[PDB]
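Participant: What follows is a structure written as structure tokens; I'll ask about it next.
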Amino acid sequence: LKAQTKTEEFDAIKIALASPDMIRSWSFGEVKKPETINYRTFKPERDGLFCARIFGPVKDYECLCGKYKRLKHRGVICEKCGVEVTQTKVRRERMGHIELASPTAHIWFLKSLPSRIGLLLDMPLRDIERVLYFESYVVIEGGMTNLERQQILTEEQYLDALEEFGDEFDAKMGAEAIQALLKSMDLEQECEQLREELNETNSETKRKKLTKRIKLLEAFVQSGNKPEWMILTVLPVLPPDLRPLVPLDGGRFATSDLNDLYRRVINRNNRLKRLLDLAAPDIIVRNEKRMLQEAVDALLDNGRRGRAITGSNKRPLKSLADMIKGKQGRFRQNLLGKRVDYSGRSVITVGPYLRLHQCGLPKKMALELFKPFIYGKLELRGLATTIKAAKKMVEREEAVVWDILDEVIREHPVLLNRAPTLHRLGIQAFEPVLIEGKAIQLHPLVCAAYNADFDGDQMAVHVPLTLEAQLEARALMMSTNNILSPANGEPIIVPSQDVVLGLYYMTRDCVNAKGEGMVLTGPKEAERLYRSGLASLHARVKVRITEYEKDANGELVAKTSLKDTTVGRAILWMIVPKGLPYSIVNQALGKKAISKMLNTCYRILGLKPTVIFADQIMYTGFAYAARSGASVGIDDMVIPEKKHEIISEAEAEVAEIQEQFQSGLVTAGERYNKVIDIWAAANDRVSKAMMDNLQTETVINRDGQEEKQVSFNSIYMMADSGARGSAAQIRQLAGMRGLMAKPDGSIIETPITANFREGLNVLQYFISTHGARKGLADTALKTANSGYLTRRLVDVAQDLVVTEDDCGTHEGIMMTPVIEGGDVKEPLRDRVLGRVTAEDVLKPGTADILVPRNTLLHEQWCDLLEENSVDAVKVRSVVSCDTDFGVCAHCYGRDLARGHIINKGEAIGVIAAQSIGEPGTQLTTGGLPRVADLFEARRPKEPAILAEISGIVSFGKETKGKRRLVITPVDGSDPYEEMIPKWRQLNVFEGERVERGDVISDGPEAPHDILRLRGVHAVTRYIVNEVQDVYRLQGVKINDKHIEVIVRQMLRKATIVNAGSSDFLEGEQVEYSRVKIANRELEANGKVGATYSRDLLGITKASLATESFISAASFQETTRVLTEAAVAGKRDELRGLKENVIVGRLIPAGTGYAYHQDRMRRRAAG
Amino acid sequence: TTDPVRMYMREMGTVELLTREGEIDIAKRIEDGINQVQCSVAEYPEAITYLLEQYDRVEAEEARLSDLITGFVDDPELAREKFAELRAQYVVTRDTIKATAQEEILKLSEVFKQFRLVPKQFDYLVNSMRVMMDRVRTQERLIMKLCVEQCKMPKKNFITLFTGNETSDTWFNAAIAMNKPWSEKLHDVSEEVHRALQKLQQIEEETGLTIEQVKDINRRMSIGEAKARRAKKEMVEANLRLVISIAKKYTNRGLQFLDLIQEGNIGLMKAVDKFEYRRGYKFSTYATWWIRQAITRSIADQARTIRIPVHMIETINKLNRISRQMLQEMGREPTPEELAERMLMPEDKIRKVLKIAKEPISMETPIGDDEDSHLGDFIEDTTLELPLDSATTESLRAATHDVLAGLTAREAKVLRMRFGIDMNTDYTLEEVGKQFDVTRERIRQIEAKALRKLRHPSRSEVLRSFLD
Amino acid sequence: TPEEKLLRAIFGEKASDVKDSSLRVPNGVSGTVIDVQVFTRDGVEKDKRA
Ligand SMILES: [Mg+2]
Ligand SMILES: [Zn+2]
Ligand SMILES: [Zn+2]
């Protein structure tokens, strides 16, 4: 079969230098004139920047002169003025060129930081410019006379050398010279010479530059680029419509800046041509050549020399490099981010009646959004004669169209989005419910995932047009299909505030209430007792209940008994489906327990029952909360009776310590700490006074004198249930609030003795202001900081996706409880949950396999491990996975919005970065910058040092600025001696043996060491445990998985040590390398396989290296990326996410993973 | 420091300003140089005979007097009789070549030197000479390379019998029998050399000069040309400072500084070309007008994004002038029609002229928020077609195509013919008559019923909804 | 185009040489007109209403 010669569907892309003839291929004519439009008839002047002959017809299918106006005539080139009549779209396509008199340097290859022309010729930059400006002569192909090949000469010297040697010596100046140098250059011969010299001399200064240059040369040879192409003969002109002159209102015109630039390049060029036929003196044509050089530079990339300014406007005109460039790099898919049809937006409201899978949609919005569907549906059933009549119908808003819209809305999900999108839950699919009014209604249970308050936040709607988008939205992005945070398996649909206050007030008990002590057959007549007003919602009562336990084999057992409970719990039991025990609702049902209810329900009955369950909880919560009549009055906040007295006693302490400072018994500094300390203790006292009083002071009577239970006071119920408020905020309401801090960071020794229930005076409020302003500032700044972190994170991971099924390695990390100094700052069950065992684990006895080799550990397995005393489990991690260019699902884990093991093809990198980034707002060394330091690997300020090698060590030489430490291994060779400055207090015992990786001093240690000395598993454990400390100290739950994938991307690269295939010190992919020595281990050389050393690269550094240049061209510096790629002729195969988004095809993951796979195998095949 | 403004000022500053005496020296040199080429042109027979053959075309109405001579030293009658003089001196000198000729060949030049040629004509002559010398060089290098390189003969002995002859067979056929080591080798290539000698000896027939003189003449010409350019260049290099001083006036007129001084430099080049020192006009103030002329004349043409004719530019300037005084003179500013009476023209043209005179605004002008929103981002495409429309076009085809299948095959054909429906162009009702063989009014009747059949609704309810 | 020409032929409508730029009330906003102003270039005849 024949491959093709026309439009099929391309794969990859290639980039390289452009030949003058290659540039001429694109050009459909030479622009010979600066003229744009005629100035009266606005038609394009022929042979000008805007030309119908060269580029294209002004109007669709019509000749310029007007001879052929008929749509039939198409391939006709008009005989008067040649214009092939074709759609005006081709004026946006066809390019052009300009033939330059003198050669010209391409600014991108001259001024790029590693100047390409400079290091290709092994010539300095300042010299090349000195030659380009005609400020000196340079030798070329010197022959055997007096002179170096690249030597630079002056006026007299060139003259003297010419009198001495007339011929067999040649020198030029200007652009023609550099082009002559590059053309004469034979790269192959230069390569050979450079290889020998590398071997001979050993110096870091020499061979660093040496190896860099040799790589460039051999790359450039294989590239196919010929050095001459760095000097421009022909200059392409951009199609006219991409820099349009289009008219405006009032008859004014507006045009792109490129024209002003392009115009210039023509004129000077043309002038130079004229100046050749006039035989001008050297001093002029040289100046003209320089001017042409300056003009071309300004066109390509402006700002690397003079920053030329546009006509009549100070602002420098934007050039082609600035069109690609920007913030950041390519706006074509940078923030922000292109406009999209079939969308809308508005303020959002509640709609508690909604099921969790739907949302209220404004009528008008749905009409304008589905307009084409409505048109198509109207004439399918025949309610509209034709599409026009259908338009007129919906534009008339005839009553009949509303029913057709209910049809097209029914099964057709819509996408909802909020402003700060962080994790994937920022967009969720809902079923449209037609709603009168202009406001969007959003299911309350989802308000947690969006972080959307109702204080006027707006949301955007998107219509999923194609069928695949409907099924993607329904089966992936649907609300009910993500009920669980991807960061941790806990439900993110957890009831928020009003609902949880309802259930708290529902299952609670007072001491004596209507119906106390009686007995009822079942919840049905329990509700009947309550609703009729006979029995109180909370009263201790025995009722017969039937609970269920599925503890049989896939089978629901039933058992009935008399449970001691309240009326509310009895009524609530009606909601709990089937196999859940009554024990879960028999408690007080706070916000914490009410979440684990939904969680257990999900981990037991599955998905579907949990959804309907969640809905019911919301509905019953709102209803019963409304019945409860909860409110907040001014008398709901009870101040301690002893407050003023505590203040007075605390006031005596300060006057006691003050008297000690007047008499000098205590120093000034000691005083400050002292006074501040007594006030702090006082705050705790008032806090723990009002807390006792507020919490238990309801003191009530059942048949006797008194008794006391937890208070039914409104504000306490709010804080206790978990709805809203906390001991800190409550403490500010009743007890005194804090000790504020003056701007410099000190804390004022006269705290705020009043609170919000009382008045704050002038001073207290003024002092409070700083805390407020720093809070708002800190949050608004930490918000921005958080976002930036997620950027770096998604940049360094991204393309990481689950690819293989099982890589099949026994390798993994040891998962133990965090066990910090006390008992269990976090258990083992949470660390190992949802992960897979590396190898079978023992009972205390053995030949008894509890968990068999690699098995997903679910709730039953974790409880079975807890029954037994097992303290340690080794677990497979994404960092040790043997699969190259991805992670095997067997090594990852189950975690998802669903409880099943991770699917094949889900993109884990994005969700990992998102899971880490979203909570970063709540963080505050210590804080979010501490996290950033960790992921960046940065060596600390005053680091420790670890023993390089095991064996007995001692101190050697003397004080030069380092007092050397000499290590003596038992069997092995001694020679390691490290230079340690001795003015840093040591730890390591001068007479003791230290294992490699021991403590030779104190202070933090660089993770580079821990990777190098202790090993990969050690450093990954260090990162995860340290970063998890920061988040968990703030109360953020993030599973260790995501952190582990970030770590794997950090160590992606390693530096070879030995040889036998590739170069010695090259940093290179451990995927590539390991796959290369595993391929080399057999066949090839018997084993020549080379040893490497795993490396630790910071996230921002490791993200720098990416095979695809289109991806790199996005977030990095565009110019450098494009040049550095363009010289080597690098061929981008796509294969990644970022690049495919730019080019606009299916992402090689998720739904698209099937396609790319099917395409990837078709490639490199027959 | 780059910034080409600097590398010019410092590059030109080396050339030392000319003394008032030095100018005349260079100008004297110029006179010598050109007159050398003029005399060298006067010494070419074909240059004369060509001029003769050209004037014979002028009197035959095959050309015009303006395309040949610019006048002599010191009218159709005067031209005719002067050319007769040239022709007269030509026809004597031609036959006297039988040694003594030189005295008359010298006089033929003198009359010919009175003719001031049109620059176009003169260039073609010199070109013909240099092209003729290329024609001579072709044969010179052929006969040389066919001996030295091919047949292995030294150049040392090759030039002995060449100089002075290089035509007859004295060198070719009489030097091969000399029995030198290079002698017997010349026979192999003889066939190829002697046949190529035709054009070599033919040049002396056409041009009427032996290969001897042919080198000398245009060599002297070459020297003069070189001297000319040498002196003229020299003058220009001295006067760059004047150009710099003049261009400093036109800075903000909308062209770059170096653009100005370069166009002005071109003016100075022309100034040297047309300068005659015998008139006593200082070279500074003579070049100033030309340089100043070049600057302004250049600024008018290329300095705008929309090129405007000169009178338009001057008109615009004239308006500014009035607006200046009248701004404060009137205390407000002249009304849009105020400057109109002051200006000559129809005076309503102020609006039109004032509009096209405006310079277009940069499409990258940032507007608002400082955000990447730029003026160009807000300009919608008006040449596109909305899909909600395109959809109705594709439907209307199916519509008219459906309703045209509801009629008789001839009504469908006749209506598809009378309009461009699925066919190239459309056909006049007379054309339709010729295609159907039943012609004129007959066909027209059918059309009515066709339109009539779609008019009264069964058909009509579907097609009526397209008009709004 | 051909079929538009047939359409006008059947319904006999003369397609105007002037296109309609008239200002019409934005979609959805509804109110009462409380005032009207007409500014005219000097020299163009003010219409009736003006
Ligand atoms: Mg808000
Ligand atoms: Zn034409
Ligand atoms: Zn794996």
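Residues in the structure tokens are numbered from 1 in each chain, the chains being A, B, ... in the order shown, and ligands are numbered from 1 in the order shown.
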Using only C-alpha atoms, determine which residues lie at most 12 Å from residue B:164, disregarding the query and same-chain residues fewer than 4 positions distant; provide the list as a list in words.

Facilitator: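 Listing them by chain and then by number gives residues 159, 160, 168, 170, 171, 210, 211, 212, 213, 214 and 215 of chain B.
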
Participant: Write out, as an mmCIF file, in the first residue's frame, the residues just selected, with N, CA and C atoms.

Facilitator:
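As written to disk, selection21.cif reads:
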data_model
loop_
_atom_site.group_PDB
_atom_site.id
_atom_site.type_symbol
_atom_site.label_atom_id
_atom_site.label_comp_id
_atom_site.auth_asym_id
_atom_site.auth_seq_id
_atom_site.Cartn_x
_atom_site.Cartn_y
_atom_site.Cartn_z
ATOM 1 N N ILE B 159 52.407 33.509 -25.001
ATOM 2 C CA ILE B 159 52.159 34.937 -25.194
ATOM 3 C C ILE B 159 53.122 35.590 -26.183
ATOM 4 N N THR B 160 54.174 34.887 -26.606
ATOM 5 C CA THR B 160 55.176 35.489 -27.484
ATOM 6 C C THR B 160 54.604 35.865 -28.848
ATOM 7 N N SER B 168 45.278 36.118 -37.008
ATOM 8 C CA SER B 168 45.690 35.330 -38.158
ATOM 9 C C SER B 168 46.303 34.007 -37.697
ATOM 10 N N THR B 170 49.384 32.978 -38.003
ATOM 11 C CA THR B 170 50.805 33.025 -37.662
ATOM 12 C C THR B 170 51.083 32.308 -36.346
ATOM 13 N N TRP B 171 50.246 32.531 -35.337
ATOM 14 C CA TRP B 171 50.448 31.854 -34.062
ATOM 15 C C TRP B 171 49.933 30.418 -34.086
ATOM 16 N N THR B 210 40.664 46.048 -34.573
ATOM 17 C CA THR B 210 41.443 44.863 -34.240
ATOM 18 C C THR B 210 41.423 44.593 -32.742
ATOM 19 N N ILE B 211 41.577 43.312 -32.387
ATOM 20 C CA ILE B 211 41.533 42.878 -30.994
ATOM 21 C C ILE B 211 42.543 43.647 -30.150
ATOM 22 N N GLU B 212 43.586 44.179 -30.786
ATOM 23 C CA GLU B 212 44.565 45.068 -30.175
ATOM 24 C C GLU B 212 43.871 46.216 -29.451
ATOM 25 N N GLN B 213 43.243 47.098 -30.224
ATOM 26 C CA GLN B 213 42.613 48.298 -29.678
ATOM 27 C C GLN B 213 41.488 47.977 -28.694
ATOM 28 N N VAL B 214 40.745 46.897 -28.941
ATOM 29 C CA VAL B 214 39.557 46.555 -28.153
ATOM 30 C C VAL B 214 39.821 46.531 -26.647
ATOM 31 N N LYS B 215 40.969 46.008 -26.217
ATOM 32 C CA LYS B 215 41.288 46.060 -24.791
ATOM 33 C C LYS B 215 41.582 47.482 -24.325
#

Participant: For chain C, report every residue with an atom at most 9 Å from chain B (counting only C-alpha atoms), formatted as an MDAnalysis selection string.

Facilitator: chainID C and resid 1:7 9:11

Participant: Using only C-alpha atoms and all ligand atoms, find each residue with an atom at most 8 Å away from ligand 1 and format the answer as a PyMOL selection string.

Facilitator: chain A and resi 452-457

Participant: Pull the closest atom pair for each residue of chain B that gets at most 8 Å from chain A, along with the distance in Å to one decimal, counting only C-alpha atoms, ordering rows by chain and then ascending residue number, as a tab-separated table.

Facilitator:
residue	atom	partner	partner_atom	distance
B:2	CA	A:133	CA	7.6
B:3	CA	A:306	CA	6.9
B:4	CA	A:290	CA	6.5
B:7	CA	A:133	CA	7.7
B:8	CA	A:287	CA	6.3
B:11	CA	A:283	CA	7.3
B:12	CA	A:283	CA	6.9
B:229	CA	A:279	CA	7.6
B:233	CA	A:281	CA	5.4
B:236	CA	A:281	CA	7.8
B:237	CA	A:281	CA	7.3
B:254	CA	A:311	CA	6.9
B:258	CA	A:291	CA	7.6
B:262	CA	A:288	CA	7.5
B:265	CA	A:284	CA	7.9
B:269	CA	A:280	CA	7.7
B:302	CA	A:34	CA	7.0
B:305	CA	A:36	CA	6.8
B:306	CA	A:39	CA	5.7
B:307	CA	A:39	CA	6.3
B:308	CA	A:39	CA	6.4
B:355	CA	A:251	CA	7.1
B:356	CA	A:39	CA	7.4
B:358	CA	A:252	CA	7.6
B:359	CA	A:253	CA	7.9
B:360	CA	A:253	CA	4.9
B:361	CA	A:254	CA	4.9
B:362	CA	A:255	CA	5.6
B:363	CA	A:255	CA	4.9
B:364	CA	A:256	CA	6.6
B:376	CA	A:256	CA	7.9
B:388	CA	A:372	CA	7.9
B:391	CA	A:387	CA	7.8
B:392	CA	A:387	CA	6.3
B:395	CA	A:387	CA	7.6
B:424	CA	A:72	CA	6.6
B:425	CA	A:72	CA	7.8
B:461	CA	A:385	CA	7.6
B:462	CA	A:385	CA	5.6
B:465	CA	A:389	CA	5.4
B:466	CA	A:388	CA	5.7

Participant: Taking only C-alpha atoms and all ligand atoms into account, which residues are within 8 Å of ligand 3, as a ChimeraX atom specification?

Facilitator: /A:806-809,876-878,880-883,887-892

Participant: May I have the residues from that selection written out with C-alpha atoms, as an mmCIF file, in the first residue's frame?

Facilitator:
data_model
loop_
_atom_site.group_PDB
_atom_site.id
_atom_site.type_symbol
_atom_site.label_atom_id
_atom_site.label_comp_id
_atom_site.auth_asym_id
_atom_site.auth_seq_id
_atom_site.Cartn_x
_atom_site.Cartn_y
_atom_site.Cartn_z
ATOM 1 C CA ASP A 806 0.895 -5.313 37.872
ATOM 2 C CA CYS A 807 4.561 -4.466 37.648
ATOM 3 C CA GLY A 808 5.145 -7.469 39.919
ATOM 4 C CA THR A 809 7.834 -6.365 42.364
ATOM 5 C CA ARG A 876 3.768 -1.474 48.048
ATOM 6 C CA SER A 877 4.180 2.171 47.065
ATOM 7 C CA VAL A 878 4.198 4.181 43.864
ATOM 8 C CA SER A 880 9.117 1.573 44.192
ATOM 9 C CA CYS A 881 6.903 0.479 41.286
ATOM 10 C CA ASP A 882 8.877 -1.314 38.574
ATOM 11 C CA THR A 883 6.714 -0.024 35.702
ATOM 12 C CA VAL A 887 2.575 3.442 37.765
ATOM 13 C CA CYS A 888 0.945 0.013 37.881
ATOM 14 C CA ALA A 889 -2.496 -0.007 39.487
ATOM 15 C CA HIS A 890 -1.428 -2.879 41.727
ATOM 16 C CA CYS A 891 1.156 -0.656 43.412
ATOM 17 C CA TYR A 892 -1.075 2.399 43.849
#

Participant: Around ligand 2, out to 12 Å and counting only C-alpha atoms and all ligand atoms, which residues are there? I want them as a list in words.

Facilitator: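 Result of the 12 Å neighbour search around ligand 2: residues 46, 52, 53, 56, 57, 58, 61, 62, 63, 64, 65, 66, 67, 68, 69, 73, 76, 77, 78, 79, 80, 81, 82, 83, 84 and 85 of chain A.
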
Participant: Any chance you can output those residues with N, CA and C atoms as a PDB file, in the first residue's frame?

Facilitator:
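File out_6.pdb, as written:
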ATOM      1  N   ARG A  46      -1.257  46.199  -4.825  1.00  0.00           N
ATOM      2  CA  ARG A  46      -0.612  44.966  -5.261  1.00  0.00           C
ATOM      3  C   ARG A  46       0.885  44.975  -4.971  1.00  0.00           C
ATOM      4  N   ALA A  52      -3.845  41.155  -2.685  1.00  0.00           N
ATOM      5  CA  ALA A  52      -4.769  40.114  -3.100  1.00  0.00           C
ATOM      6  C   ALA A  52      -4.061  39.088  -3.963  1.00  0.00           C
ATOM      7  N   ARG A  53      -3.071  39.527  -4.738  1.00  0.00           N
ATOM      8  CA  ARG A  53      -2.351  38.613  -5.614  1.00  0.00           C
ATOM      9  C   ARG A  53      -1.515  37.636  -4.810  1.00  0.00           C
ATOM     10  N   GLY A  56      -4.527  36.819  -0.714  1.00  0.00           N
ATOM     11  CA  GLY A  56      -5.859  36.341  -1.007  1.00  0.00           C
ATOM     12  C   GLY A  56      -6.940  37.384  -1.210  1.00  0.00           C
ATOM     13  N   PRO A  57      -8.048  36.943  -1.807  1.00  0.00           N
ATOM     14  CA  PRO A  57      -9.195  37.829  -2.044  1.00  0.00           C
ATOM     15  C   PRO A  57      -9.688  38.522  -0.783  1.00  0.00           C
ATOM     16  N   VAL A  58     -10.103  39.780  -0.940  1.00  0.00           N
ATOM     17  CA  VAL A  58     -10.627  40.536   0.193  1.00  0.00           C
ATOM     18  C   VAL A  58     -11.964  39.967   0.655  1.00  0.00           C
ATOM     19  N   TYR A  61     -14.985  34.333  -2.378  1.00  0.00           N
ATOM     20  CA  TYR A  61     -15.195  33.854  -3.744  1.00  0.00           C
ATOM     21  C   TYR A  61     -15.386  34.978  -4.759  1.00  0.00           C
ATOM     22  N   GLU A  62     -14.631  36.060  -4.623  1.00  0.00           N
ATOM     23  CA  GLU A  62     -14.794  37.172  -5.553  1.00  0.00           C
ATOM     24  C   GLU A  62     -13.430  37.758  -5.876  1.00  0.00           C
ATOM     25  N   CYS A  63     -13.173  37.974  -7.162  1.00  0.00           N
ATOM     26  CA  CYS A  63     -11.919  38.570  -7.584  1.00  0.00           C
ATOM     27  C   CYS A  63     -11.830  40.027  -7.149  1.00  0.00           C
ATOM     28  N   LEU A  64     -10.593  40.510  -7.013  1.00  0.00           N
ATOM     29  CA  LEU A  64     -10.389  41.892  -6.588  1.00  0.00           C
ATOM     30  C   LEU A  64     -10.899  42.863  -7.641  1.00  0.00           C
ATOM     31  N   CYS A  65     -10.454  42.689  -8.888  1.00  0.00           N
ATOM     32  CA  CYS A  65     -10.854  43.598  -9.956  1.00  0.00           C
ATOM     33  C   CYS A  65     -12.346  43.509 -10.206  1.00  0.00           C
ATOM     34  N   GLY A  66     -12.925  42.340  -9.958  1.00  0.00           N
ATOM     35  CA  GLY A  66     -14.350  42.138 -10.057  1.00  0.00           C
ATOM     36  C   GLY A  66     -14.783  41.434 -11.320  1.00  0.00           C
ATOM     37  N   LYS A  67     -13.839  40.938 -12.121  1.00  0.00           N
ATOM     38  CA  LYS A  67     -14.200  40.313 -13.385  1.00  0.00           C
ATOM     39  C   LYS A  67     -14.924  38.996 -13.145  1.00  0.00           C
ATOM     40  N   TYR A  68     -14.379  38.144 -12.285  1.00  0.00           N
ATOM     41  CA  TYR A  68     -15.024  36.880 -11.946  1.00  0.00           C
ATOM     42  C   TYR A  68     -15.658  37.055 -10.571  1.00  0.00           C
ATOM     43  N   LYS A  69     -16.973  37.276 -10.535  1.00  0.00           N
ATOM     44  CA  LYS A  69     -17.689  37.382  -9.271  1.00  0.00           C
ATOM     45  C   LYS A  69     -18.489  36.138  -8.913  1.00  0.00           C
ATOM     46  N   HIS A  73     -16.916  30.067 -10.513  1.00  0.00           N
ATOM     47  CA  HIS A  73     -15.515  30.276 -10.851  1.00  0.00           C
ATOM     48  C   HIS A  73     -14.701  30.233  -9.567  1.00  0.00           C
ATOM     49  N   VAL A  76      -9.853  29.903 -10.978  1.00  0.00           N
ATOM     50  CA  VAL A  76      -9.482  30.888 -11.986  1.00  0.00           C
ATOM     51  C   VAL A  76      -8.604  31.974 -11.382  1.00  0.00           C
ATOM     52  N   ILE A  77      -7.441  32.182 -11.986  1.00  0.00           N
ATOM     53  CA  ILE A  77      -6.591  33.334 -11.708  1.00  0.00           C
ATOM     54  C   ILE A  77      -6.964  34.429 -12.700  1.00  0.00           C
ATOM     55  N   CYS A  78      -7.452  35.557 -12.191  1.00  0.00           N
ATOM     56  CA  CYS A  78      -7.929  36.618 -13.067  1.00  0.00           C
ATOM     57  C   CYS A  78      -6.831  37.115 -14.000  1.00  0.00           C
ATOM     58  N   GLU A  79      -7.206  37.333 -15.263  1.00  0.00           N
ATOM     59  CA  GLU A  79      -6.245  37.735 -16.286  1.00  0.00           C
ATOM     60  C   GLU A  79      -5.780  39.175 -16.109  1.00  0.00           C
ATOM     61  N   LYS A  80      -6.604  40.023 -15.498  1.00  0.00           N
ATOM     62  CA  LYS A  80      -6.259  41.427 -15.303  1.00  0.00           C
ATOM     63  C   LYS A  80      -5.225  41.525 -14.192  1.00  0.00           C
ATOM     64  N   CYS A  81      -5.651  41.294 -12.955  1.00  0.00           N
ATOM     65  CA  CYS A  81      -4.747  41.194 -11.817  1.00  0.00           C
ATOM     66  C   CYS A  81      -4.949  39.812 -11.219  1.00  0.00           C
ATOM     67  N   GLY A  82      -3.899  38.993 -11.246  1.00  0.00           N
ATOM     68  CA  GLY A  82      -4.071  37.606 -10.869  1.00  0.00           C
ATOM     69  C   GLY A  82      -4.445  37.427  -9.417  1.00  0.00           C
ATOM     70  N   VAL A  83      -5.670  36.956  -9.197  1.00  0.00           N
ATOM     71  CA  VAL A  83      -6.166  36.556  -7.887  1.00  0.00           C
ATOM     72  C   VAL A  83      -7.014  35.314  -8.093  1.00  0.00           C
ATOM     73  N   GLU A  84      -6.620  34.196  -7.499  1.00  0.00           N
ATOM     74  CA  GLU A  84      -7.461  33.015  -7.614  1.00  0.00           C
ATOM     75  C   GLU A  84      -8.625  33.198  -6.651  1.00  0.00           C
ATOM     76  N   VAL A  85      -9.843  33.165  -7.180  1.00  0.00           N
ATOM     77  CA  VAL A  85     -11.019  33.462  -6.370  1.00  0.00           C
ATOM     78  C   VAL A  85     -11.352  32.258  -5.494  1.00  0.00           C
TER      79      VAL A  85
END

Participant: Just the number, please: distance in Å from atom CA of residue A:381 to atom CA of residue A:360, one decimal.

Facilitator: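 Here the two named atoms are 26.9 Å from each other.
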
Participant: Here is a test: counting only C-alpha atoms, which residue of C:27, C:32, C:16, C:37 is nearest to chain A?

Facilitator: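 Closest residue, counting only C-alpha atoms: C:27.
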
Participant: For stretch 104-118 of chain B, work out the shell of residues within 6 Å, counting only C-alpha atoms and skipping chain neighbours fewer than 3 positions away, then give it as a ChimeraX atom specification.

Facilitator: /B:42,68-73,89,93,101,121-122
